[PDB]
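**Student:** Okay, here's the structure, questions in a sec.
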Amino acid sequence: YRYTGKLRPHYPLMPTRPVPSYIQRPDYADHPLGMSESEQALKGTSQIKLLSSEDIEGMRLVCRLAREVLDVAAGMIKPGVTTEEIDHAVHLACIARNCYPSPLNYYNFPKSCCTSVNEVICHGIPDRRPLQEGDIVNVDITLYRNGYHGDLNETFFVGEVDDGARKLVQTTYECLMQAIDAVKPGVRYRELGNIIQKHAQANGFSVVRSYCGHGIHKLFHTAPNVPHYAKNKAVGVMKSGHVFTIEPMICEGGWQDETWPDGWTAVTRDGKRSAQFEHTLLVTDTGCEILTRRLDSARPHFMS
Ligand SMILES: N[C@@H](c1ccccc1)P(=O)(O)O
Ligand SMILES: [Co+2]
Ligand SMILES: [Co+2]
């Protein structure tokens, strides 16, 4: 395999971390190939769930808990720490909150969160590599609690980084937030990409096409599919009681992605850097509720 950048996986991975039996497990957690029966039973479907008042409370709880765990990860970001060490604390943080780390054995994903460095677009696998000063790193957290999934991510700076790094991360965060700002009932899910790409384009960056935002509640990934690029044909119109993520990945170079031999790690084909931010959103009447927002601080971790 020809790597696209300087990054390399650092093996071996430590043995798969166990989740105590008292933690309620999603269906794929015990399927040999990590397949989710309930998600497959809605494959190809474009209809979107309308969340009941108990659904909403369940989503509000699990998303708040997911934010707490990402905050834990944020606190460990410094040169010298390995992505495996991050993952360990995260796994322990989920358990403490009586939640299952949603990525664990999700279609055989071997870890409890995704750690994506530099040219990794998303789905990086936590490994033995020490974070290096100058790196950018995204931690993607998804928790499972009482039948509901909560999903968010932030890109972080590792010590001091360069101007391009600062620009890429700030612009990515802006794309998300401008997208979130347009969310309200009656809006077409396909419009979000127009907004994201418009801002990415104006700053000289491209927008990944192979990965999309998604509905999320009783399923990890479900309807609607939410592309981050312009002129997409996403099916659906926003409604009060809809819950989905927006998670634009933006790149320094071109938009083309490819996957490592591990079957998960998505990297820019040109080896240039990529950044991502993610929130889970609930559409209300006056707009939307950012379920994965910080409660105790105004800004994302990278600008504070
Ligand atoms: N939370 C991410 C994820 C984690 C593990 C497996 C697949 C996607 P995504 O849905 O934000 O891409
Ligand atoms: Co995520
Ligand atoms: Co997601």
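By convention in this document, the chains of the structure tokens carry letters A, B, ... by their order, each chain's residues are numbered from 1, and ligands are numbered from 1 in the order they are shown.
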Neighbours of residue 120 (chain A) within 10 Å (only C-alpha atoms; same-chain residues fewer than 6 positions away dropped), as a PDB file with C-alpha atoms, in the first residue's frame?
**Tutor:**
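Output (out.pdb):
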```pdb
ATOM      1  CA  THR A   4      -0.660   9.314   0.767  1.00  0.00           C
ATOM      2  CA  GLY A   5       1.092  11.350   3.447  1.00  0.00           C
ATOM      3  CA  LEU A   7       1.233   9.429   8.674  1.00  0.00           C
ATOM      4  CA  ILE A 136      -4.122  18.593  14.079  1.00  0.00           C
ATOM      5  CA  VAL A 137      -6.297  15.878  15.592  1.00  0.00           C
ATOM      6  CA  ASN A 138     -10.014  15.220  15.524  1.00  0.00           C
ATOM      7  CA  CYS A 251      -9.339  19.764   2.956  1.00  0.00           C
ATOM      8  CA  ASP A 257     -10.437  10.393  -0.315  1.00  0.00           C
ATOM      9  CA  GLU A 258      -9.185   6.834  -0.106  1.00  0.00           C
ATOM     10  CA  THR A 259      -9.237   4.171   2.608  1.00  0.00           C
ATOM     11  CA  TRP A 260      -6.269   2.547   4.389  1.00  0.00           C
ATOM     12  CA  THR A 265      -8.986   5.104   7.956  1.00  0.00           C
ATOM     13  CA  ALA A 266     -10.063   7.660   5.368  1.00  0.00           C
ATOM     14  CA  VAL A 267      -7.240   9.811   4.029  1.00  0.00           C
ATOM     15  CA  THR A 268      -6.868  12.602   1.464  1.00  0.00           C
ATOM     16  CA  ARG A 269      -5.490  11.098  -1.746  1.00  0.00           C
ATOM     17  CA  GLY A 271      -1.777  13.695   1.720  1.00  0.00           C
ATOM     18  CA  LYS A 272      -2.769  17.241   2.617  1.00  0.00           C
ATOM     19  CA  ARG A 273      -4.608  18.030   5.831  1.00  0.00           C
ATOM     20  CA  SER A 274      -8.315  17.667   6.524  1.00  0.00           C
ATOM     21  CA  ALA A 275     -10.477  18.933   9.386  1.00  0.00           C
TER      22      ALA A 275
END
```
**Student:** Pick out each residue of region 126-192 of chain A that DSSP on the backbone tags as strand (DSSP E); I need them as an NGL selection string.
**Tutor:** :A and (136-145 or 148-157)
**Student:** Write the residues of the selection above to a file with N, CA, C and O atoms, as a PDB file, in the first residue's frame.
**Tutor:**
```pdb
ATOM      1  N   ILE A 136      -2.729  18.380  13.723  1.00  0.00           N
ATOM      2  CA  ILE A 136      -4.122  18.593  14.079  1.00  0.00           C
ATOM      3  C   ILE A 136      -4.753  17.225  14.325  1.00  0.00           C
ATOM      4  O   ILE A 136      -4.404  16.249  13.664  1.00  0.00           O
ATOM      5  N   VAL A 137      -5.641  17.144  15.305  1.00  0.00           N
ATOM      6  CA  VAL A 137      -6.297  15.878  15.592  1.00  0.00           C
ATOM      7  C   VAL A 137      -7.769  16.056  15.949  1.00  0.00           C
ATOM      8  O   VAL A 137      -8.156  16.883  16.795  1.00  0.00           O
ATOM      9  N   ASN A 138      -8.591  15.277  15.260  1.00  0.00           N
ATOM     10  CA  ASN A 138     -10.014  15.220  15.524  1.00  0.00           C
ATOM     11  C   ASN A 138     -10.325  14.010  16.407  1.00  0.00           C
ATOM     12  O   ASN A 138      -9.834  12.906  16.165  1.00  0.00           O
ATOM     13  N   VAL A 139     -11.118  14.233  17.449  1.00  0.00           N
ATOM     14  CA  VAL A 139     -11.675  13.128  18.200  1.00  0.00           C
ATOM     15  C   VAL A 139     -13.179  13.067  17.995  1.00  0.00           C
ATOM     16  O   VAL A 139     -13.908  14.047  18.228  1.00  0.00           O
ATOM     17  N   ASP A 140     -13.634  11.916  17.527  1.00  0.00           N
ATOM     18  CA  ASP A 140     -15.048  11.702  17.265  1.00  0.00           C
ATOM     19  C   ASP A 140     -15.607  10.738  18.314  1.00  0.00           C
ATOM     20  O   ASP A 140     -15.114   9.619  18.495  1.00  0.00           O
ATOM     21  N   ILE A 141     -16.622  11.222  19.018  1.00  0.00           N
ATOM     22  CA  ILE A 141     -17.222  10.539  20.147  1.00  0.00           C
ATOM     23  C   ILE A 141     -18.663  10.185  19.806  1.00  0.00           C
ATOM     24  O   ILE A 141     -19.425  11.030  19.332  1.00  0.00           O
ATOM     25  N   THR A 142     -19.039   8.934  20.031  1.00  0.00           N
ATOM     26  CA  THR A 142     -20.447   8.556  19.940  1.00  0.00           C
ATOM     27  C   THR A 142     -20.811   7.629  21.104  1.00  0.00           C
ATOM     28  O   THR A 142     -20.187   6.568  21.305  1.00  0.00           O
ATOM     29  N   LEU A 143     -21.825   8.016  21.868  1.00  0.00           N
ATOM     30  CA  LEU A 143     -22.256   7.207  23.011  1.00  0.00           C
ATOM     31  C   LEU A 143     -23.617   6.570  22.789  1.00  0.00           C
ATOM     32  O   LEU A 143     -24.441   7.101  22.057  1.00  0.00           O
ATOM     33  N   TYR A 144     -23.843   5.434  23.448  1.00  0.00           N
ATOM     34  CA  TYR A 144     -25.122   4.743  23.385  1.00  0.00           C
ATOM     35  C   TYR A 144     -25.719   4.597  24.779  1.00  0.00           C
ATOM     36  O   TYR A 144     -25.081   4.075  25.688  1.00  0.00           O
ATOM     37  N   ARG A 145     -26.948   5.078  24.946  1.00  0.00           N
ATOM     38  CA  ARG A 145     -27.576   5.087  26.260  1.00  0.00           C
ATOM     39  C   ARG A 145     -29.089   4.943  26.144  1.00  0.00           C
ATOM     40  O   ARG A 145     -29.748   5.744  25.483  1.00  0.00           O
ATOM     41  N   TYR A 148     -30.516   5.161  22.661  1.00  0.00           N
ATOM     42  CA  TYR A 148     -30.224   6.338  21.839  1.00  0.00           C
ATOM     43  C   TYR A 148     -28.734   6.613  21.649  1.00  0.00           C
ATOM     44  O   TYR A 148     -27.943   6.456  22.577  1.00  0.00           O
ATOM     45  N   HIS A 149     -28.370   7.042  20.440  1.00  0.00           N
ATOM     46  CA  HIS A 149     -26.988   7.397  20.107  1.00  0.00           C
ATOM     47  C   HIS A 149     -26.761   8.924  20.086  1.00  0.00           C
ATOM     48  O   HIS A 149     -27.591   9.667  19.568  1.00  0.00           O
ATOM     49  N   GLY A 150     -25.624   9.371  20.620  1.00  0.00           N
ATOM     50  CA  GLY A 150     -25.211  10.764  20.559  1.00  0.00           C
ATOM     51  C   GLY A 150     -23.819  10.964  19.974  1.00  0.00           C
ATOM     52  O   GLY A 150     -22.857  10.363  20.449  1.00  0.00           O
ATOM     53  N   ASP A 151     -23.701  11.846  18.981  1.00  0.00           N
ATOM     54  CA  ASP A 151     -22.538  11.859  18.087  1.00  0.00           C
ATOM     55  C   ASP A 151     -21.984  13.270  17.888  1.00  0.00           C
ATOM     56  O   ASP A 151     -22.692  14.164  17.433  1.00  0.00           O
ATOM     57  N   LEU A 152     -20.721  13.480  18.248  1.00  0.00           N
ATOM     58  CA  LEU A 152     -20.087  14.767  17.980  1.00  0.00           C
ATOM     59  C   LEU A 152     -18.576  14.626  17.785  1.00  0.00           C
ATOM     60  O   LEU A 152     -17.977  13.625  18.192  1.00  0.00           O
ATOM     61  N   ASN A 153     -17.964  15.628  17.160  1.00  0.00           N
ATOM     62  CA  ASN A 153     -16.508  15.658  17.079  1.00  0.00           C
ATOM     63  C   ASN A 153     -15.921  17.059  16.998  1.00  0.00           C
ATOM     64  O   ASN A 153     -16.579  18.011  16.578  1.00  0.00           O
ATOM     65  N   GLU A 154     -14.688  17.203  17.450  1.00  0.00           N
ATOM     66  CA  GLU A 154     -14.001  18.481  17.280  1.00  0.00           C
ATOM     67  C   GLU A 154     -12.584  18.207  16.806  1.00  0.00           C
ATOM     68  O   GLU A 154     -12.005  17.166  17.144  1.00  0.00           O
ATOM     69  N   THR A 155     -12.030  19.124  16.016  1.00  0.00           N
ATOM     70  CA  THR A 155     -10.617  19.072  15.663  1.00  0.00           C
ATOM     71  C   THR A 155      -9.810  19.912  16.658  1.00  0.00           C
ATOM     72  O   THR A 155     -10.221  21.024  17.005  1.00  0.00           O
ATOM     73  N   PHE A 156      -8.673  19.385  17.115  1.00  0.00           N
ATOM     74  CA  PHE A 156      -7.841  20.052  18.118  1.00  0.00           C
ATOM     75  C   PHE A 156      -6.440  20.372  17.591  1.00  0.00           C
ATOM     76  O   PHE A 156      -5.950  19.724  16.658  1.00  0.00           O
ATOM     77  N   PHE A 157      -5.801  21.372  18.200  1.00  0.00           N
ATOM     78  CA  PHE A 157      -4.398  21.686  17.925  1.00  0.00           C
ATOM     79  C   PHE A 157      -3.526  20.942  18.931  1.00  0.00           C
ATOM     80  O   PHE A 157      -3.870  20.844  20.110  1.00  0.00           O
TER      81      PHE A 157
END
```
**Student:** Which is closer to residue 250 (chain A) than all the others in A:23, A:223, A:176, A:298, using only C-alpha atoms?
**Tutor:**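 Between A:23, A:223, A:176, A:298, the residue approaching residue 250 (chain A) most closely is A:176.
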**Student:** As a PyMOL selection string, please: the residues near residue 234 (chain A) (cut-off 7 Å, only C-alpha atoms, same-chain neighbours under 4 positions excluded).
**Tutor:** chain A and resi 189-190+225-227
**Student:** As a quick test: using only C-alpha atoms and all ligand atoms, which residues lie no more than 7 Å away from ligand 3? Give them as a tab-separated table (two decimals) with N, CA and C atoms, in the first residue's frame.
**Tutor:**
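Contents of out_1.tsv, freshly written:
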```
chain	number	residue	atom	x	y	z
A	151	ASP	N	-23.70	11.85	18.98
A	151	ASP	CA	-22.54	11.86	18.09
A	151	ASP	C	-21.98	13.27	17.89
A	152	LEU	N	-20.72	13.48	18.25
A	152	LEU	CA	-20.09	14.77	17.98
A	152	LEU	C	-18.58	14.63	17.78
A	213	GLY	N	-23.36	13.77	6.66
A	213	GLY	CA	-24.06	13.85	7.93
A	213	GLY	C	-25.18	12.83	7.89
A	214	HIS	N	-25.83	12.58	9.02
A	214	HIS	CA	-26.77	11.47	9.05
A	214	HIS	C	-27.80	11.63	10.15
A	245	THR	N	-27.08	14.65	12.19
A	245	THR	CA	-25.80	15.34	12.35
A	245	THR	C	-25.41	16.13	11.11
A	247	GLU	N	-21.58	17.21	9.69
A	247	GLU	CA	-20.16	16.99	10.01
A	247	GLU	C	-19.24	17.18	8.84
A	278	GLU	N	-18.43	18.19	14.23
A	278	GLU	CA	-19.73	17.54	14.18
A	278	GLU	C	-20.58	17.91	15.40
```
**Student:** Could you tell me which of A:248, A:193, A:32, A:12 comes closest to ligand 2 if we count only C-alpha atoms and all ligand atoms?
**Tutor:**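 Between A:248, A:193, A:32, A:12, the residue approaching ligand 2 most closely is A:248.
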**Student:** Output as number ranges by chain all residues of region 63-278 of chain A that backbone DSSP marks as alpha helix (DSSP H).
**Tutor:** A: 63-74, 83-96, 163-180, 191-202
**Student:** Nearest residue to residue 73 (chain A) out of A:301, A:44, A:135, A:51, using only C-alpha atoms?
**Tutor:**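 Of A:301, A:44, A:135, A:51, the one nearest residue 73 (chain A), counting only C-alpha atoms, is A:301.
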**Student:** Could you tell me which of A:216, A:183, A:200, A:59 comes closest to ligand 2 if we count only C-alpha atoms and all ligand atoms?
**Tutor:**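 For ligand 2, the nearest of the given residues is A:216.
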**Student:** Between A:304, A:210, A:284, A:102, which has the minimum distance to ligand 2 (counting only C-alpha atoms and all ligand atoms)?
**Tutor:** A:102
**Student:** Have a look at CA of residue 67 (chain A) and atom 9 (P, counted along the ligand's line) of ligand 1 and let me know their distance in Å, one decimal.
**Tutor:** 14.5 Å
**Student:** Write out as a PyMOL selection string each polymer residue whose atoms come within 12 Å of residue 99 (chain A), counting only C-alpha atoms; drop sequence neighbours fewer than 3 positions from it.
**Tutor:** chain A and resi 19-26+61-66+68-69+90-96+102-104+112+141-150
**Student:** Could you work out how far CA of residue 297 (chain A) lies from CA of residue 197 (chain A), giving the answer in Å with one decimal?
**Tutor:**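 A separation of 27.8 Å between them.
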**Student:** Considering only C-alpha atoms, can you say which of A:303, A:177, A:196, A:207 comes closest to residue 290 (chain A)?
**Tutor:**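 Closest residue, counting only C-alpha atoms: A:177.
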**Student:** Please list as a ChimeraX atom specification every residue within 6 Å of residue 187 (chain A), counting only C-alpha atoms and excluding residues in the same chain fewer than 2 positions away.
**Tutor:** /A:185,237-238
**Student:** Excluding residue 53 (chain A) and its own-chain neighbours fewer than 6 positions away, which residues fall within 12 Å of it when counting only C-alpha atoms? Please give them as a count of residues only.
**Tutor:** 6
**Student:** Report, in Å to a single decimal, how far apart CA of residue 230 (chain A) and CA of residue 49 (chain A) are.
**Tutor:**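 Straight-line distance from CA of residue 49 (chain A) to CA of residue 230 (chain A) works out to 24.9 Å.
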